[PDB]
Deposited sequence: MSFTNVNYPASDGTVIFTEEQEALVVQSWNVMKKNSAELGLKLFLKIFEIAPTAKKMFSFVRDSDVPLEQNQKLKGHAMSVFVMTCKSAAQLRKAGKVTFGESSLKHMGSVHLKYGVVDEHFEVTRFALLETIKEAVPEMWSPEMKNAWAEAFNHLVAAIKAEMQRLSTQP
């Protein structure tokens, strides 16, 4: 497991509560940053699907932070992990795409809540994001065999 503190969860929960006021705009900013860095990713999404996908990234990472605090591990149901993993595989999503998305997510948060930004805030989001991404792949691995 990992030790993910009440303070770390509160950073994620509290910044998301502030950013939620502008969730549609923030979702667009996230994808604008992703597509600025790696425009080739735009082809995967050839917009209401972009809106839903950005919201999934934010809300699913938030829920991963809550599960890390509560359980030391990500506890998403297997059908949800299996869906994300199969869809990502189908579309050719590889590690670099997750890495660019993480980078863009953290930049987006930093600009959305400059008054809360700090190394601790960055690391709390990043840890929750990384554990969700790893959890999808561990579920896809349980099914590769």
Ranges missing from the model, given as deposited sequence positions
1 to 13, 60 to 70, 170 to 171
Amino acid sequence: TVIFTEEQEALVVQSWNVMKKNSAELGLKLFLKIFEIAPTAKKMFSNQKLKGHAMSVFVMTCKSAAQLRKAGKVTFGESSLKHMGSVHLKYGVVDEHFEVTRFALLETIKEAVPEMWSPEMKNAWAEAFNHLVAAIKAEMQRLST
From here on, numbers count along this sequence of modelled residues.
Report the stretch with the higher mean CA temperature factor, choosing between 119 to 127 and 133 to 141 on the basis of the entry.
133 to 141
Entry B factor averaged over C-alpha atoms, 73 to 81 against 105 to 113: higher for 73 to 81
Highest recorded Cα temperature factor - choice among 33, 97, 49, 88:
49
Can you work out whether the C-alpha temperature factor of residue 68 puts it in the lowest, middle or highest third of the chain?
highest
